[PDB]
$ cat target-v4.csv   # CSV, C-alpha atoms and all ligand atoms
chain,number,residue,atom,x,y,z
W,33,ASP,CA,-59.3,192.4,-8.2
W,34,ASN,CA,-57.1,194.9,-6.4
W,35,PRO,CA,-53.3,194.4,-5.8
W,36,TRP,CA,-53.2,197.3,-3.4
W,37,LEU,CA,-55.2,195.5,-0.7
W,38,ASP,CA,-52.0,193.4,-0.2
W,39,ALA,CA,-49.5,196.3,-0.6
W,40,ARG,CA,-49.5,197.1,3.2
W,41,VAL,CA,-48.3,198.5,5.4
W,42,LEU,CA,-47.0,201.3,3.2
W,43,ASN,CA,-44.6,204.1,4.3
W,44,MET,CA,-45.5,206.7,1.7
W,45,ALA,CA,-43.0,209.6,2.1
W,46,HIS,CA,-45.2,212.8,2.0
W,47,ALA,CA,-43.3,214.9,-0.6
W,48,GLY,CA,-40.4,212.8,0.6
W,49,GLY,CA,-40.9,213.7,4.3
W,50,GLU,CA,-41.4,217.4,4.5
W,51,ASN,CA,-40.5,217.5,8.2
W,52,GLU,CA,-37.3,215.5,7.6
W,53,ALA,CA,-36.1,217.1,4.4
W,54,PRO,CA,-36.8,219.8,1.8
W,55,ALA,CA,-40.2,218.9,0.4
W,56,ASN,CA,-40.3,217.7,-3.3
W,57,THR,CA,-36.6,217.5,-3.9
W,58,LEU,CA,-34.5,214.6,-5.1
W,59,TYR,CA,-32.6,214.8,-1.9
W,60,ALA,CA,-35.8,214.1,0.0
W,61,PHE,CA,-36.9,211.3,-2.3
W,62,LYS,CA,-33.4,209.7,-2.5
W,63,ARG,CA,-33.1,209.9,1.3
W,64,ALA,CA,-36.7,208.7,1.9
W,65,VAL,CA,-36.3,205.6,-0.3
W,66,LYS,CA,-32.9,204.8,1.2
W,67,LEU,CA,-34.2,204.4,4.8
W,68,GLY,CA,-37.1,202.2,3.7
W,69,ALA,CA,-40.0,204.1,2.4
W,70,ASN,CA,-42.1,201.8,0.1
W,71,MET,CA,-43.5,204.6,-2.0
W,72,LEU,CA,-43.0,208.3,-2.8
W,73,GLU,CA,-45.8,210.8,-2.5
W,74,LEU,CA,-45.4,214.0,-4.5
W,75,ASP,CA,-47.2,217.0,-6.2
W,76,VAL,CA,-47.1,218.2,-9.8
W,77,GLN,CA,-47.4,221.6,-11.4
W,78,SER,CA,-46.5,222.8,-14.9
W,79,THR,CA,-44.1,225.5,-16.2
W,80,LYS,CA,-44.8,228.1,-18.8
W,81,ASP,CA,-43.2,225.8,-21.3
W,82,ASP,CA,-45.5,222.9,-20.2
W,83,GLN,CA,-43.0,220.9,-18.2
W,84,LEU,CA,-44.2,218.9,-15.3
W,85,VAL,CA,-42.3,219.9,-12.2
W,86,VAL,CA,-42.5,218.5,-8.7
W,87,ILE,CA,-43.7,221.3,-6.4
W,88,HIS,CA,-46.8,221.7,-4.2
W,89,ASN,CA,-47.8,225.3,-4.0
W,90,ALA,CA,-48.8,227.2,-7.1
W,91,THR,CA,-46.0,229.7,-6.2
W,92,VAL,CA,-42.4,229.0,-5.6
W,93,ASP,CA,-42.3,231.7,-2.9
W,94,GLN,CA,-42.5,229.4,0.1
W,95,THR,CA,-40.0,226.6,-0.6
W,96,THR,CA,-37.3,228.6,-2.7
W,97,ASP,CA,-35.4,231.9,-3.0
W,98,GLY,CA,-37.6,233.0,-5.9
W,99,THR,CA,-41.0,234.3,-6.5
W,100,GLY,CA,-43.9,233.8,-8.9
W,101,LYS,CA,-46.3,231.2,-10.1
W,102,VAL,CA,-44.8,228.0,-11.5
W,103,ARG,CA,-47.0,228.3,-14.7
W,104,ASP,CA,-45.5,231.8,-15.4
W,105,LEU,CA,-41.9,230.5,-15.3
W,106,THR,CA,-39.9,228.2,-17.6
W,107,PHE,CA,-38.3,225.0,-16.4
W,108,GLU,CA,-34.9,226.6,-16.8
W,109,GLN,CA,-36.0,229.5,-14.6
W,110,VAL,CA,-37.4,227.1,-12.0
W,111,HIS,CA,-34.5,224.7,-11.9
W,112,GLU,CA,-31.9,227.3,-10.8
W,113,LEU,CA,-33.7,228.0,-7.6
W,114,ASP,CA,-32.9,226.5,-4.2
W,115,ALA,CA,-35.8,224.3,-3.1
W,116,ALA,CA,-34.3,224.1,0.4
W,117,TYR,CA,-33.9,227.8,0.9
W,118,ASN,CA,-36.5,227.8,3.7
W,119,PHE,CA,-36.4,224.3,5.0
W,120,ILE,CA,-36.2,223.9,8.8
W,121,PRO,CA,-36.4,220.5,10.4
W,122,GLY,CA,-39.7,219.7,12.1
W,123,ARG,CA,-41.5,222.6,10.4
W,124,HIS,CA,-41.4,222.1,6.6
W,125,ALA,CA,-40.5,225.5,5.0
W,126,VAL,CA,-40.7,228.8,7.0
W,127,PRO,CA,-39.3,232.0,5.5
W,128,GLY,CA,-37.9,234.9,7.5
W,129,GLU,CA,-35.8,233.2,10.2
W,130,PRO,CA,-32.2,233.7,11.1
W,131,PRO,CA,-30.1,232.3,8.2
W,132,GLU,CA,-28.6,229.7,10.6
W,133,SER,CA,-32.1,228.1,11.0
W,134,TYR,CA,-31.7,226.7,7.5
W,135,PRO,CA,-29.3,223.7,7.5
W,136,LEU,CA,-29.5,223.1,3.7
W,137,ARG,CA,-30.1,226.6,2.3
W,138,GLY,CA,-27.5,227.5,-0.3
W,139,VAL,CA,-26.4,223.9,-1.3
W,140,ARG,CA,-28.3,224.1,-4.6
W,141,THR,CA,-26.6,227.5,-5.3
W,142,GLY,CA,-23.1,226.0,-4.4
W,143,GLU,CA,-22.4,228.1,-1.3
W,144,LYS,CA,-22.3,225.1,1.0
W,145,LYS,CA,-20.9,221.6,0.3
W,146,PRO,CA,-23.7,219.1,-0.1
W,147,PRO,CA,-24.1,216.2,2.4
W,148,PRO,CA,-22.1,213.2,1.3
W,149,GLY,CA,-23.9,211.4,-1.6
W,150,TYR,CA,-25.7,214.3,-3.2
W,151,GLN,CA,-25.1,216.9,-5.9
W,152,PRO,CA,-26.4,220.6,-5.9
W,153,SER,CA,-29.2,219.5,-8.3
W,154,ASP,CA,-30.7,217.2,-5.6
W,155,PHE,CA,-32.0,220.5,-3.9
W,156,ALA,CA,-33.8,222.2,-6.8
W,157,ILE,CA,-37.3,221.7,-8.0
W,158,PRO,CA,-37.2,218.5,-10.2
W,159,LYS,CA,-38.9,217.6,-13.4
W,160,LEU,CA,-41.3,214.8,-12.8
W,161,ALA,CA,-39.5,213.1,-15.7
W,162,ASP,CA,-36.3,213.2,-13.7
W,163,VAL,CA,-37.9,211.7,-10.6
W,164,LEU,CA,-39.2,208.9,-12.7
W,165,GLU,CA,-35.8,208.3,-14.3
W,166,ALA,CA,-34.4,208.2,-10.7
W,167,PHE,CA,-36.9,205.7,-9.4
W,168,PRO,CA,-37.7,203.2,-12.2
W,169,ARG,CA,-38.7,200.6,-9.6
W,170,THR,CA,-40.4,202.6,-6.8
W,171,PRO,CA,-44.2,203.2,-6.9
W,172,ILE,CA,-45.0,207.0,-6.9
W,173,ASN,CA,-48.2,208.5,-5.6
W,174,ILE,CA,-48.8,211.6,-7.8
W,175,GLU,CA,-51.2,214.4,-7.0
W,176,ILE,CA,-52.4,216.9,-9.6
W,177,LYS,CA,-52.3,220.5,-8.5
W,178,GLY,CA,-53.5,223.8,-10.0
W,179,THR,CA,-53.0,227.5,-10.0
W,180,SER,CA,-55.9,228.2,-7.5
W,181,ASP,CA,-58.7,226.1,-6.2
W,182,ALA,CA,-61.2,227.5,-8.7
W,183,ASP,CA,-58.9,227.5,-11.8
W,184,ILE,CA,-60.4,224.3,-13.2
W,185,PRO,CA,-58.5,224.8,-16.5
W,186,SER,CA,-55.1,224.6,-14.8
W,187,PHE,CA,-56.0,221.2,-13.2
W,188,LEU,CA,-57.1,219.9,-16.6
W,189,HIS,CA,-54.0,221.3,-18.3
W,190,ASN,CA,-51.9,219.3,-15.7
W,191,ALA,CA,-54.0,216.2,-16.0
W,192,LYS,CA,-53.3,216.2,-19.8
W,193,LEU,CA,-49.6,216.8,-19.3
W,194,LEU,CA,-49.5,214.1,-16.6
W,195,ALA,CA,-51.2,211.3,-18.6
W,196,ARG,CA,-49.1,211.9,-21.7
W,197,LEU,CA,-45.9,211.5,-19.7
W,198,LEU,CA,-47.0,208.6,-17.6
W,199,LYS,CA,-48.2,206.8,-20.7
W,200,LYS,CA,-44.7,207.1,-22.3
W,201,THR,CA,-43.1,205.2,-19.4
W,202,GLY,CA,-45.5,202.3,-19.9
W,203,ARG,CA,-45.5,201.9,-16.1
W,204,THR,CA,-48.5,201.0,-13.9
W,205,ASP,CA,-47.2,201.4,-10.3
W,206,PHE,CA,-48.7,204.9,-9.8
W,207,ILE,CA,-51.7,206.2,-8.0
W,208,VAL,CA,-52.8,209.5,-9.6
W,209,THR,CA,-55.2,211.7,-7.7
W,210,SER,CA,-56.3,215.3,-7.2
W,211,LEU,CA,-58.6,217.2,-4.8
W,212,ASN,CA,-60.4,218.3,-8.0
W,213,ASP,CA,-62.6,215.4,-9.2
W,214,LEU,CA,-62.7,216.7,-12.7
W,215,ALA,CA,-59.0,216.3,-13.0
W,216,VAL,CA,-59.3,212.7,-11.9
W,217,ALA,CA,-62.0,211.9,-14.4
W,218,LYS,CA,-60.0,213.6,-17.2
W,219,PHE,CA,-56.9,211.8,-16.2
W,220,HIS,CA,-58.6,208.4,-16.0
W,221,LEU,CA,-60.0,209.1,-19.5
W,222,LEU,CA,-56.6,209.8,-21.0
W,223,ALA,CA,-54.7,207.0,-19.2
W,224,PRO,CA,-57.2,204.3,-18.1
W,225,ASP,CA,-54.5,201.8,-17.2
W,226,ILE,CA,-53.0,203.9,-14.3
W,227,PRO,CA,-54.5,203.4,-10.8
W,228,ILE,CA,-56.3,206.5,-9.4
W,229,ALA,CA,-57.8,207.6,-6.1
W,230,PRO,CA,-60.9,209.7,-5.7
W,231,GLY,CA,-61.0,213.5,-5.4
W,232,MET,CA,-62.9,215.5,-2.9
W,233,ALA,CA,-66.5,215.0,-4.1
W,234,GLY,CA,-66.0,211.3,-4.7
W,235,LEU,CA,-64.8,210.9,-1.1
W,236,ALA,CA,-67.8,212.8,0.3
W,237,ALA,CA,-70.1,210.8,-1.9
W,238,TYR,CA,-68.6,207.5,-0.8
W,239,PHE,CA,-68.6,208.5,2.9
W,240,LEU,CA,-72.1,210.0,2.9
W,241,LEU,CA,-74.1,208.1,0.2
W,242,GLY,CA,-72.1,204.8,-0.4
W,243,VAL,CA,-71.5,205.8,-4.0
W,244,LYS,CA,-68.5,203.8,-5.2
W,245,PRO,CA,-65.7,206.0,-6.4
W,246,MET,CA,-64.7,206.3,-10.0
W,247,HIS,CA,-64.0,203.1,-11.8
W,248,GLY,CA,-60.2,202.4,-11.6
W,249,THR,CA,-59.9,203.6,-8.0
W,250,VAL,CA,-57.5,201.4,-6.0
W,251,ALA,CA,-57.5,203.3,-2.8
W,252,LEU,CA,-59.2,205.9,-0.8
W,253,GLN,CA,-56.6,208.5,0.2
W,254,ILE,CA,-58.1,210.4,3.2
W,255,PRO,CA,-56.9,212.8,5.8
W,256,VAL,CA,-57.4,211.7,9.4
W,257,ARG,CA,-60.0,214.4,10.3
W,258,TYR,CA,-61.8,216.9,8.0
W,259,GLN,CA,-63.7,219.9,9.3
W,260,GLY,CA,-64.2,218.2,12.6
W,261,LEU,CA,-65.3,214.8,11.2
W,262,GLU,CA,-63.1,211.8,12.1
W,263,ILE,CA,-62.5,210.0,8.8
W,264,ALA,CA,-59.7,207.5,9.4
W,265,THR,CA,-61.3,205.3,12.0
W,266,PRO,CA,-61.3,201.5,12.3
W,267,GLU,CA,-64.9,201.4,11.2
W,268,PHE,CA,-64.5,203.5,8.1
W,269,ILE,CA,-61.6,201.5,7.0
W,270,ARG,CA,-63.5,198.3,7.9
W,271,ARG,CA,-66.1,199.3,5.3
W,272,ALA,CA,-63.7,200.6,2.7
W,273,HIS,CA,-61.9,197.2,2.9
W,274,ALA,CA,-65.2,195.4,2.6
W,275,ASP,CA,-65.9,197.3,-0.6
W,276,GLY,CA,-62.5,196.3,-2.1
W,277,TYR,CA,-60.6,199.6,-1.6
W,278,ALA,CA,-57.3,200.3,0.1
W,279,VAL,CA,-57.1,203.2,2.6
W,280,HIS,CA,-54.0,205.5,2.7
W,281,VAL,CA,-54.0,208.2,5.4
W,282,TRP,CA,-52.4,211.6,5.3
W,283,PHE,CA,-51.9,214.3,7.9
W,284,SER,CA,-50.8,217.7,6.7
W,285,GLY,CA,-52.4,219.7,9.5
W,286,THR,CA,-55.5,217.6,10.0
W,287,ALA,CA,-53.8,215.7,12.8
W,288,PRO,CA,-50.3,215.7,14.3
W,289,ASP,CA,-47.4,214.1,12.5
W,290,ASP,CA,-46.3,212.3,15.6
W,291,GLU,CA,-45.8,208.8,17.1
W,292,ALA,CA,-49.1,208.3,18.9
W,293,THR,CA,-51.0,209.3,15.7
W,294,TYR,CA,-49.1,207.1,13.3
W,295,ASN,CA,-49.7,204.3,15.8
W,296,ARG,CA,-53.4,204.9,16.0
W,297,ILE,CA,-53.7,204.9,12.2
W,298,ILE,CA,-51.7,201.8,12.0
W,299,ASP,CA,-54.0,200.2,14.6
W,300,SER,CA,-57.0,201.3,12.5
W,301,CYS,CA,-55.8,198.9,9.7
W,302,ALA,CA,-54.8,201.6,7.1
W,303,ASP,CA,-52.8,200.1,4.4
W,304,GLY,CA,-50.5,203.1,4.0
W,305,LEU,CA,-49.5,206.2,5.9
W,306,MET,CA,-48.2,209.5,4.4
W,307,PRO,CA,-45.9,210.8,7.1
W,308,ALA,CA,-44.0,214.0,7.2
W,309,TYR,CA,-41.5,211.9,9.3
W,310,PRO,CA,-40.8,208.8,7.1
W,311,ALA,CA,-37.8,208.0,9.3
W,312,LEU,CA,-40.0,208.1,12.4
W,313,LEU,CA,-42.6,205.9,10.8
W,314,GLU,CA,-40.1,203.4,9.5
W,315,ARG,CA,-38.8,203.0,13.0
W,316,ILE,CA,-42.3,202.4,14.4
W,317,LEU,CA,-43.0,199.7,11.8
W,318,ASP,CA,-39.6,197.9,12.3
W,319,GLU,CA,-40.1,198.1,16.1
W,320,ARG,CA,-43.6,196.7,15.9
W,321,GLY,CA,-42.9,194.1,13.2
W,322,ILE,CA,-45.7,195.3,11.0
W,323,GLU,CA,-46.3,193.4,7.8
W,324,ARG,CA,-44.8,195.3,4.8
W,325,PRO,CA,-45.0,194.7,1.0
W,326,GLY,CA,-43.2,191.4,0.5
W,327,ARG,CA,-41.7,191.3,4.0
W,328,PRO,CA,-44.4,189.6,6.1
W,329,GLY,CA,-45.0,190.1,9.8
W,330,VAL,CA,-47.6,191.3,12.3
W,331,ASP,CA,-51.1,192.3,11.1
W,332,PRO,CA,-52.1,195.0,13.7
W,333,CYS,CA,-55.8,194.0,13.6
W,401,LIG,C1,-69.4,214.2,4.6
W,401,LIG,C2,-68.2,213.9,3.6
W,401,LIG,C3,-66.9,213.5,4.4
W,401,LIG,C4,-66.0,212.8,3.5
W,401,LIG,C5,-64.5,213.1,3.8
W,401,LIG,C6,-64.0,214.3,2.8
W,401,LIG,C7,-62.5,214.6,3.0
W,401,LIG,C8,-62.1,215.4,1.8
W,401,LIG,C9,-60.8,216.2,2.1
W,401,LIG,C10,-59.9,216.2,0.9
W,401,LIG,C11,-59.4,214.8,0.6
W,401,LIG,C12,-58.9,214.6,-0.8
W,401,LIG,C13,-57.9,213.4,-0.9
W,401,LIG,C14,-57.3,213.3,-2.4
W,401,LIG,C15,-56.1,214.3,-2.5
W,401,LIG,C16,-55.0,214.0,-1.6
W,401,LIG,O1,-54.4,212.9,-1.6
W,401,LIG,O2,-54.7,215.0,-0.6
W,401,LIG,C17,-53.4,215.8,-0.5
W,401,LIG,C18,-52.4,215.3,0.7
W,401,LIG,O3,-51.6,214.3,0.2
W,401,LIG,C19,-51.5,216.5,1.1
W,401,LIG,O4,-52.2,217.6,1.6
W,401,LIG,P1,-51.9,219.1,1.0
W,401,LIG,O5,-53.0,220.0,1.1
W,401,LIG,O6,-51.3,218.8,-0.4
W,401,LIG,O7,-50.6,219.7,1.9
W,401,LIG,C20,-49.3,219.1,1.9
W,401,LIG,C21,-48.2,220.2,1.4
W,401,LIG,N1,-46.8,219.8,1.9
W,401,LIG,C22,-46.5,218.5,1.3
W,401,LIG,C23,-45.8,220.7,1.3
W,401,LIG,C24,-46.9,219.9,3.4

$ encode --input "target-v4.csv" --output "structure tokens"
Amino acid sequence: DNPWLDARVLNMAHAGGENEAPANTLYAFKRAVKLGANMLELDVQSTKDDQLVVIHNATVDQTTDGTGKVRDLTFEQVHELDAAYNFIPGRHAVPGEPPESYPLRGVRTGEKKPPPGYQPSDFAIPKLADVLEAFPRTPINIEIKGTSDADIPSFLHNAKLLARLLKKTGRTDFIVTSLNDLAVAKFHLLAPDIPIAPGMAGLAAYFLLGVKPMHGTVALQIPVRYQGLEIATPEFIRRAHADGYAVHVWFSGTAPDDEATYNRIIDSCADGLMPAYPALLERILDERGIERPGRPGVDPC
């Protein structure tokens, strides 16, 4: 069967909580786990020397002080930069504001003292290997990224790199996914034991034609709305459940990262949310007594 139909309700920190902390940094992950997130959610790219690093965009421009495409830079180049240079609470990463906007700019580079409990390295772009070292016992939702939407070779390069590494850990508490369905198929071929979730065309095909997503799928990981169509409804999740799949919902501009939304998606029987505000979600769950993995409680439907 599917263990993930019981792993609910999940607080899956979107890149660690991009509205509450520098996205894809160890600070964000360490913070997010500490306040009660059941699962990390993160993005992977690869350096010029084929090192899997945890970053979302193909270019380091938006979240750091540097410039260039991750695949053009070595890990040693990428690691020295400040992955909190442009963080602003409530607004992820936004360059060009008064330097006082940035409460954690410069901590990686040593110009400000880190908050208590963290080192300057907790604010750089981490190797995926270092995140796995740091969370041996936390499930990690990993998403394969590429150089551009149409650069199918870069997704496949990353899928290869990812499966090799995840195999070496011998772990199984992952969910690997990509917007590019080819990457998922290639990843599933190289690492059949690791749970996946469908890419874009598999989701369309399931929603539209009933076609079950690739063997090995544990969950459907869906935005709330897409191009006007409401995806994460009670009915859609009723059917996904009936067909044996979990539903994890993300937001990221398709619907507001706010309290009413999180509540509606909880009420829609989703099994996990991917909030940019993992603190805000954790408070809602605690306050409502919603069942959690292990810790039982209220079933909101
Ligand atoms: C008629 C057919 C209708 C059927 C529905 C079709 C819907 C299809 C839309 C695409 C859905 C693919 C889901 C699989 C990939 C995934 O998990 O999404 C990425 C998400 O976590 C973050 O979103 P971002 O773009 O990575 O942005 C954040 C960046 N950050 C973290 C720094 C803010």

$ atom_distance --input "target-v4.csv" --atom1 "CA of residue 254 (chain W)" --atom2 "atom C19 of ligand LIG 401 (chain W)"
9.2 Å

$ residues_around --input "target-v4.csv" --residues "region 103-118 of chain W" --least-positions-apart "6" --cutoff "7 Å" --atoms "only C-alpha atoms" --output "PDB file with C-alpha atoms, in the coordinates of the input"
ATOM      1  CA  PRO W  54     -36.800 219.800   1.800  1.00  0.00           C
ATOM      2  CA  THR W  57     -36.600 217.500  -3.900  1.00  0.00           C
ATOM      3  CA  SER W  78     -46.500 222.800 -14.900  1.00  0.00           C
ATOM      4  CA  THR W  79     -44.100 225.500 -16.200  1.00  0.00           C
ATOM      5  CA  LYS W  80     -44.800 228.100 -18.800  1.00  0.00           C
ATOM      6  CA  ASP W  81     -43.200 225.800 -21.300  1.00  0.00           C
ATOM      7  CA  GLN W  83     -43.000 220.900 -18.200  1.00  0.00           C
ATOM      8  CA  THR W  95     -40.000 226.600  -0.600  1.00  0.00           C
ATOM      9  CA  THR W  96     -37.300 228.600  -2.700  1.00  0.00           C
ATOM     10  CA  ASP W  97     -35.400 231.900  -3.000  1.00  0.00           C
ATOM     11  CA  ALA W 125     -40.500 225.500   5.000  1.00  0.00           C
ATOM     12  CA  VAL W 126     -40.700 228.800   7.000  1.00  0.00           C
ATOM     13  CA  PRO W 127     -39.300 232.000   5.500  1.00  0.00           C
ATOM     14  CA  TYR W 134     -31.700 226.700   7.500  1.00  0.00           C
ATOM     15  CA  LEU W 136     -29.500 223.100   3.700  1.00  0.00           C
ATOM     16  CA  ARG W 137     -30.100 226.600   2.300  1.00  0.00           C
ATOM     17  CA  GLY W 138     -27.500 227.500  -0.300  1.00  0.00           C
ATOM     18  CA  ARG W 140     -28.300 224.100  -4.600  1.00  0.00           C
ATOM     19  CA  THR W 141     -26.600 227.500  -5.300  1.00  0.00           C
ATOM     20  CA  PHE W 155     -32.000 220.500  -3.900  1.00  0.00           C
ATOM     21  CA  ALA W 156     -33.800 222.200  -6.800  1.00  0.00           C
ATOM     22  CA  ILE W 157     -37.300 221.700  -8.000  1.00  0.00           C
ATOM     23  CA  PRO W 158     -37.200 218.500 -10.200  1.00  0.00           C
TER      24      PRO W 158
END

$ closest_residue --input "target-v4.csv" --among "W:36, W:199, W:122, W:50" --to "residue 229 (chain W)" --atoms "all atoms listed in the file"
W:36

$ closest_residue --input "target-v4.csv" --among "W:264, W:272, W:86, W:55" --to "residue 176 (chain W)" --atoms "all atoms listed in the file"
W:86

$ closest_residue --input "target-v4.csv" --among "W:278, W:215, W:256, W:232" --to "residue 307 (chain W)" --atoms "only C-alpha atoms"
W:256

$ residues_near_ligand --input "target-v4.csv" --ligand "ligand LIG 401 (chain W)" --cutoff "9 Å" --atoms "all atoms listed in the file" --output "MDAnalysis selection string"
chainID W and resid 46:51 55:56 73:75 87:89 95 124:125 173:177 208:213 229:241 252:259 261:263 280:285 306 308
